[PDB]
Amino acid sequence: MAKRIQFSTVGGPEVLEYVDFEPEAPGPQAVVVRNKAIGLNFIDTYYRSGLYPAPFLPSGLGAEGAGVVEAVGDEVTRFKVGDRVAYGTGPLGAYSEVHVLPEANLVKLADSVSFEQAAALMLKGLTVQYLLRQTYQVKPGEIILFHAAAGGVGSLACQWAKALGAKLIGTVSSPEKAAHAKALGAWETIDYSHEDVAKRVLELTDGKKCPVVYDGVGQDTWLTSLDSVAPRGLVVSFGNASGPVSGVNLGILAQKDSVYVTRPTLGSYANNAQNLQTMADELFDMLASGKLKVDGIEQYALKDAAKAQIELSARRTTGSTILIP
């Protein structure tokens, strides 16, 4: 028996229950991980709310974590008991003392990386990697727009953008979050709790606007992003914090001067035990070289996962926050 956070029905935070459950016996290519640190991600709230249906109820939650390998399937050779690993993709269940998942979703941690750093970087870091390196290969000097610049993904994006020589214009909801973003490497900040983002962008870019706009909040900033992208530019809708963007008429893309739009998912970029490896190597290489940093991690006891999600959804957090089993 082991403890985990699960829900028997979709809904608000009250739906989460900290209870005993019986971990499954690893498949031939599965790995049993004894979690030491668990990630907190906005998508966790969507599975719990039902925005994204689970395969069955009661359901586990979470897809990011780091810990020690406890058991290995008979066909697994990459990992052995005792190995220190991390993951940011795979089946639900990270919110547990013991998580079982395909070896394809795991990446061995270098002795130099702690479990807290991994649980705070993995998923969000892999996302920034594909957003800035694959979805749209940001080049030095480019002026890009990135919403929620002080959030989990946003904070890493500020740092990565700076590392690339790009000039990231990060939108935030308060002068406090603005200072946070700026300190992490944001070129310019815009407080969209009252400022006109599109206007500010037009002036900051000398009327040329941004070749690419990264939007993880969705609904509330869709028009803003459409008005901030340069002609034939790209609007990357990778999040739905404020809600999903729907009911769009492709005709608006033409109206905004023939722009492009994509709705990427980590699963599509890290769709191999291996495209994951290459991506993870770059992420951890950034950390090891000192271009990315975490130090400054809020910690909640796995049993208090509900409290942690409430703060996240309430927009009362900055950077990464982890759960300790």
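Note that residue numbering follows the sequence shown and begins at 1.
Annotation for 306-314 versus 19-27: the higher mean temperature factor (C-alpha) is found in 19-27. Averaged over Cα atoms, the B-factor as recorded in the entry is higher for 191-199 than for the other of 191-199 and 151-159. If you compare the C-alpha temperature factors of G185, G125, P211, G170 in the entry, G185 comes out highest.
When the C-alpha B factors of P264, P53, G39, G60 are read from the deposited coordinates, the top value falls at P53. In the deposited entry, the Cα temperature factor of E298 sits in the top third of values across the chain's modelled residues. Split the chain's modelled residues into thirds by C-alpha temperature factor. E64 is in the lowest one.
Sort the chain's modelled residues by C-alpha temperature factor and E70 lands in the highest third, per the entry. Annotation for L164: CA B-factor lies in the middle third of the chain's modelled residues. When the modelled residues of the chain are ordered by their C-alpha B factor, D44 lands in the middle third.
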